[PDB]
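Order of the sequence lines sets the chain letters (A, B, ...), proteins ahead of strands, with each chain counted from 1. Reckoned from all heavy atoms, side chains included, excluding hydrogens, waters and symmetry mates.
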Amino acid sequence: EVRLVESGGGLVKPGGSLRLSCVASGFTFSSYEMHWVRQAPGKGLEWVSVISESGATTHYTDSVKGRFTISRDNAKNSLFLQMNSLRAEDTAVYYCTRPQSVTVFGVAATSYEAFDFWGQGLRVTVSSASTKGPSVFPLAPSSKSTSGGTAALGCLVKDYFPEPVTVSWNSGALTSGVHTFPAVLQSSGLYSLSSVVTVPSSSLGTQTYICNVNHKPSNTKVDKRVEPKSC
Amino acid sequence: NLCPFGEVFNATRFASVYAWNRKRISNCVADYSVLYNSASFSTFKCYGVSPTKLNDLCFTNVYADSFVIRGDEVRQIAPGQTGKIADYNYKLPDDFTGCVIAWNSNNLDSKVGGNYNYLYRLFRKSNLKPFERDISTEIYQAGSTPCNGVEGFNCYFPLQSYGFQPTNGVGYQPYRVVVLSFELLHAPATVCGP
Amino acid sequence: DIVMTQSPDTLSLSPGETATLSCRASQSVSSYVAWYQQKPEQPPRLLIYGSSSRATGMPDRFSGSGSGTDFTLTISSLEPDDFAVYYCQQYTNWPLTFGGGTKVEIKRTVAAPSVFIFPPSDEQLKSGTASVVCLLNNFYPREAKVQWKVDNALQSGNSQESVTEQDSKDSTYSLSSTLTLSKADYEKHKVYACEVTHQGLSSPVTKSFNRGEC
Ligand SMILES: C[As](C)(=O)[O-]
Ligand SMILES: C[As](C)(=O)[O-]
Ligand SMILES: C[As](C)(=O)[O-]
């Protein structure tokens with residue numbers, strides 16, 4: 001089966017460098033020109049680079065020309081993107097992409113139409129910030145977090161890097177009515193999110209509510225109890 | 001006294017590599033920074049000269065050779081290279097003093113159904129001398145037979161066409177090439193910068 | 001560079017209906033246009049190439065048409081799987097360019113949000129910052145305005161919004177808005193309110209609290 005296993009992404013500071021690798025399998029790698037495409041967070045797709053079957057011809061988008069170098073080792077079924085003097089706007093998910101061959105029979109020149117296979121993607125984060133665990137604060141239920149007999153409570157996961165964190169309630173026991181919001185990038189370079197849940201107000205006194213937050217990139221596991229507040 | 005460079009680079013049609021064009025540049029001043037500060041070029045190697053120095057150096061006459069090849073062949077436009085293009089179509093001398101400029105031209109030279117107007121030479125009895133232009137259309141004799149002006153078994157028409165299509169792989173896409181040659185004879189120099 | 005403009009940004013439809021997604025090029029690209037589907041946390045999947053040719057294994061309810069500068073993707077008889085983001089791409093002019101994308105969302109009736117507000121915790125206050133959180137629960141459509149008021153002064157520039165994706169059961173959205181201040185700035189003021197406007201509400205809904213009483 002056609003497969004493109006990617007590796008070599010992660011965290012870098014502005015002006016740093018990375019080398020993305022993509023090992024192909026399940027097809028004749030040396031017969032395909034290959035591409036790199038990228039997708040910034042919350043944005044659309046941007047084409048980055050192309051290399052011919054032999055590797056003699058390379059082409060780049062203008063915003064990366066002179067900084068990025070695409071290459072390939074056909075003996076090792078490998079494609080590489082070397083990224084130098086990285087910038088904040090280079091932050092994205094990077095895909096190695098195989099275009100669809102339409103070369104008919106035995107004509108010398110190859111022909112391609114669109115991208116028929118994509119790797120799973122490598123996250124590349126270019127930021128001045130450094131890896132940091134999160135602070136966990138309660139979003140306490142009160143009369144101001146009620147709509148009738150509906151109470152809302154939660155917890156706020158602030159100032160962590162990089163993405164992501166995982167949030168559960170009562171150790172996976174409570175999942176109904178739970179909303180965990182996508183993280184937002186604060187102006188300081190660190191991330192913030194909040195997880196909320198609606199319950200019956202009458203259950204606040206009897207039912208206990210604890211939120212469990214896990215940040216693997218920094219090995220952090222925090223449990224925070226959320227208790228009602230007079231308001 | 002501007003030098004005709006937009007003539008060479010922004011020409012509507014380019015020459016086939018076997019019949020490569022040569023424009024002499026003489027008696028004018030030329031800014032080379034309006035060229036070597038463009039990110040539009042995919043290849044810009046220089047030999048025997050610092051590109052930056054070109055604005056303050058001055059030469060006798062300058063030659064601008066231009067043609068079209070496919071991407072994978074651009075590496076052959078260099079001193080001491082071998083291959084079909086470097087041997088049968090356009091050869092640089094090993095002492096070459098100048099610059100080789102090349103950029104993808106798929107949007108100009110590719111045509112739906114194939115642009116066959118661009119040709120290269122597949123066969124030749126001998127290698128080209130440097131800066132030689134062979135436009136012979138007589139038939140190649142790959143065997144022992146006399147072809148009598150018609151093609152048959154081991155009697156090949158020596159020129160062949162690129163099939164430049166918009167969907168060709170980038171290595172088979174048309175590339176426009178310009179080669180600037182700088183010579184300093186004992187005659188007076190007439191091409192300098194500011 | 002050829003710009004590929006997709007329109008509109010969002011179509012709201014129900015299963016069984018027909019989705020018509022438009023893509024327009026800033027100059028002619030002949031028939032060299034493709035259409036991809038993307039689902040969250042997955043690479044795009046090729047649906048159509050050559051403007052009208054289906055990729056191997058595409059259902060026949062996906063169809064493509066157009067040429068020159070005008071291109072259309074038609075999804076007949078929408079299935080629950082077809083609600084995703086769709087991109088057009090031209091693939092012969094360098095640089096290869098994609099459209100901005102069009103989201104096909106599930107249609108439902110207008111629903112007003114439930115509004116809640118949370119004051120900053122005391123542990124966060126002892127750390128020198130203060131986050132006031134406004135929550136809008138289970139509304140539709142996505143368009144919603146949250147306006148922070150501090151002592152009746154309209155705040156802008158110190159708040160951030162985050163909206164969930166369409167809920168799998170009721171097809172509603174949820175939104176959170178965080179107002180972040182320093183401790184000192186937080187203690188300079190008394191009343192903190194978030195005022196919510198949404199087409200499902202007759203008039204703006206304000207939820208407020210007094211600092212120190214909470
Ligand atoms: C007029 As011509 C030699 O550039 O085809
Ligand atoms: C490739 As499909 C849209 O039928 O899952
Ligand atoms: C422009 As959109 C809402 O399809 O990312």
Original post:
So do the side chains of A:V222 and A:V136 get within less than 4.5 Å of each other, counting heavy atoms only?
Top reply: yes
**OP:** Answer yes if the ring centres of C:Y36 and A:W118 are under 6.0 angstrom apart, and no otherwise.
**Re:** yes
Original post:
Taking all atoms of both residues into account, what is the closest heavy-atom pair of C:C194 and C:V146, and its distance?
Top reply: CB-CG1, 4.2 Å
Original post:
Okay, side chain of A:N214, backbone of A:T166: is any donor-acceptor separation there less than 3.5 Å?
Top reply: no
Subject >> salt_bridge(A:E89, A:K43) N-O dist < 4.0 Å >> reply: no
Subject >> Exercise: do C:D167 and C:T172 side chains pair donor with acceptor under 3.5 Å >> reply: no
Original post:
So, C:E17 side chain and C:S14 main chain: donor-acceptor pair closer than 3.5 Å or not?
Top reply: yes
Original post:
If you count the non-hydrogen atoms of other residues, nucleotides and ligands that lie under 6.0 Å from NZ in C:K107, is the total more than 12?
Top reply: no
Original post:
What distance separates A:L185 CG from C:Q160 CD, expressed to the nearest 0.5 Å?
Top reply: 7.5 Å
Subject >> Heavy atoms from other residues, nucleotides or ligands near NZ of A:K132 exceed 12 (cutoff 6.0 Å) >> reply: yes
Original post:
Between C:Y192 and C:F209, does the ring centre distance come in under 6.0 Å?
Top reply: yes
**OP:** Give every residue pair that meets the side chain to side chain donor-acceptor pair (under 3.5 Å) criterion with at least one member in residues 58-76 of chain C, sequence neighbours excluded.
**Re:** C:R61-C:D82
Subject >> Partner residues of A:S192 under the side-chain hydrogen bond (donor to acceptor under 3.5 Å, both in side chains) criterion, sequence neighbours left out >> reply: A:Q186
Subject >> Short side-chain donor-acceptor distance under 3.5 Å, C:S31 and C:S51 >> reply: no
**OP:** Could you tell me which non-hydrogen atom of A:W36 sits nearest to which non-hydrogen atom of A:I70, and how far apart they are?
**Re:** CD1-CD1, 3.5 Å
Original post:
When you check the side-chain N and O atoms of A:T61 and A:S63, is any donor under 3.5 Å from an acceptor?
Top reply: no
Original post:
Any cation-pi pair here, A:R98 with A:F27, using under 6.0 Å and within 45°?
Top reply: yes
Original post:
Strictly by modelled atom types, are C:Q124 and C:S131 linked by a side-chain donor-acceptor pair under 3.5 Å?
Top reply: yes
**OP:** Apply side chain to side chain contact (heavy atoms under 4.5 Å, CB included) to the pair A:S195 and A:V178, showing each step before the final yes or no.
**Re:** CA-CA 7 Å; A:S195 185; A:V178 173; 4.0 Å; yes
Original post:
Using a distance-only test with no angle check, is there a side-chain donor-acceptor pair under 3.5 angstrom linking C:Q166 and C:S171?
Top reply: no
Subject >> CZ (A:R123) with more than 12 external heavy atoms under 6.0 Å >> reply: yes
Original post:
Do A:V64 and A:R38 come within less than 4.5 Å of each other through their side chains, counting heavy atoms only?
Top reply: yes
Original post:
Distance only, no hydrogens: is a donor on one side chain within 3.5 Å (strictly under) of an acceptor on the other, for A:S145 and C:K207?
Top reply: no
Subject >> Nearest heavy-atom neighbours spanning C:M4 and C:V33 >> reply: CE-CG2, 4.4 Å
Subject >> For the student: nearest non-hydrogen atoms of C:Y140 and C:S12, plus distance >> reply: OH-CB, 3.6 Å
Original post:
With a 3.5 Å cut-off and no angle check, do the side chains of A:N212 and A:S168 form a donor-acceptor pair?
Top reply: yes
Original post:
With no hydrogens and no angle check, is any side-chain donor or acceptor of C:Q38 less than 3.5 Å from a backbone partner on C:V85?
Top reply: no
Original post:
C:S30 side chain to C:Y32 main-chain N or O, any donor-acceptor pair under 3.5 Å?
Top reply: no
Subject >> Nearest-0.5 Å distance that lies between atom OH in C:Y186 and atom CZ in C:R211 >> reply: 6.5 Å
Original post:
Taking atom types as modelled and ignoring hydrogens, do the side chains of A:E113 and C:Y49 form a donor-acceptor contact shorter than 3.5 angstrom?
Top reply: no
Subject >> C:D9 backbone acceptor or donor facing C:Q6 side chain under 3.5 Å >> reply: no
Original post:
Are the side chain of A:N219 and the backbone N or O of A:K216 linked by a donor-acceptor pair below 3.5 Å?
Top reply: no
Subject >> C:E161 to A:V184 - nearest heavy-atom pair and separation >> reply: O-CG1, 3.7 Å
Original post:
Under the 3.5 angstrom rule, does the side chain of A:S194 hit a backbone N or O of A:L156 as a donor-acceptor pair?
Top reply: no
Original post:
Take atom CZ in C:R45; do more than 12 heavy atoms of anything else shown fall under 6.0 Å from it?
Top reply: no
Subject >> N/O donor-acceptor pair under 3.5 Å between C:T164 side chain and A:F181 backbone >> reply: no
Original post:
At their closest point, which heavy atom of C:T20 faces which heavy atom of C:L11, and how far apart are they?
Top reply: O-CD1, 3.5 Å
Subject >> Residues A:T175 and A:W169: side-chain donor-acceptor under 3.5 angstrom >> reply: no
**OP:** Count the heavy atoms of every other residue, nucleotide or ligand shown that sit under 6.0 Å from NZ of A:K221, and state whether that count exceeds 12.
**Re:** no
**OP:** Take C:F116 and C:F118, measure what side chain to side chain contact (heavy atoms under 4.5 Å, CB included) needs, and give me the verdict at the end.
**Re:** CA-CA 7 Å; C:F116 308 102; C:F118 302 92; 4.3 Å; yes
Original post:
Given C:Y86 and C:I75, is the side chain to side chain contact (heavy atoms under 4.5 Å, CB included) satisfied, shown in steps?
Top reply: CA-CA 11 Å; C:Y86 292 89; C:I75 312 150; 3.7 Å; yes
